[PDB]
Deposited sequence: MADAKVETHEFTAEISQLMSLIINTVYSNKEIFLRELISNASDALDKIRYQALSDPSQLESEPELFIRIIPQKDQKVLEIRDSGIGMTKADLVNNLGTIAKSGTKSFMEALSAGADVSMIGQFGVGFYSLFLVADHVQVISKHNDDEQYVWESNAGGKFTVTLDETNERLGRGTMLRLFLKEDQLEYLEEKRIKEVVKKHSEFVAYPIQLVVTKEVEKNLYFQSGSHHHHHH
């Protein structure tokens, strides 16, 4: 499998470093942000399906799914949205403008929670995670895995190790030891009900209970 390496733009590498290092208190906002991206990605596939309902056939169910993996200290956020082609992942760039604007607003004293308003709320995941894999499948393209440690370099490899998505995106968040509360059914239920009431799509939570 060929791991293509790429370097992050200097503004993107500095944004990633700011968030991963910050002390922000309301770190739970990351979930609103990722859910909001997943909901938007679903809106995008649903729009195409208004024209062409064959676009939905790669994964007919439209959903956001939250999958804690206590064994691996991993929280996965999966959507069956539009997904991202390999070219998308290697060049993901409205980010450039929103990264600069958001950085200016932070100087003026904006709170970290305003990140979504500048369109770069994906990077809020580094509040609770030190490393991240992003697995994506766009309809007319193959399934790839993007990877970043918040440094200045990310990889994009063909996906030969993860479950097939059918269509969409799954973020594998490698949580920090301080933020392992977000693997908890009850803690995750709190954050979702608080900040994502108005989501057109089912937010499914996967829970592994032992049969007694």
item	value
Where the deposited sequence has no C-alpha coordinates (positions from 1, in order)	1 to 3, 96 to 97, 218 to 232
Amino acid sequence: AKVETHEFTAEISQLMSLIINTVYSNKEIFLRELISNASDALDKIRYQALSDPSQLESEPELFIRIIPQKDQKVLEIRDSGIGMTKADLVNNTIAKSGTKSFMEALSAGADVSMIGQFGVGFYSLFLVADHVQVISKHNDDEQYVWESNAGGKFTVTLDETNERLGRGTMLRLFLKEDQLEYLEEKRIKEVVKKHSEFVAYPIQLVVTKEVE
From here on, numbers count along this sequence of modelled residues.
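Whichever C-alpha set is largest while still superposing within 1.5 Å between the two forms counts as the rigid core.
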item	value
RMS CA shift, core-fitted in 8 other deposited structures of this protein, bigger for 62 to 70 or for 23 to 31	23 to 31
112 to 120 against 126 to 134 - segment lying farther from this form in 8 other deposited structures of this protein (CA RMS, rigid core fit)	112 to 120
Mean C-alpha B-factor comparison - 50 to 58 and 177 to 185, higher one	50 to 58
Per the entry, higher mean C-alpha B factor between 153 to 161 and 27 to 35	153 to 161
Most elevated Cα B-factor in the entry, residues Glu76, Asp141, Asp79, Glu104	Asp141
C-alpha B-factor winner, where the candidates are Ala87, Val134, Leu125, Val112	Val112
Where the record places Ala108 (Cα B-factor, split into thirds across the chain)	middle
CA B-factor placement of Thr22, once the chain's modelled residues are sorted into thirds	highest
Entry-reported Cα temperature factor of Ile12, expressed as the chain third it lands in	highest
Ranked against its chain, the third holding the CA B-factor of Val211	middle
Chain thirds of CA B-factor: placement of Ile203	middle
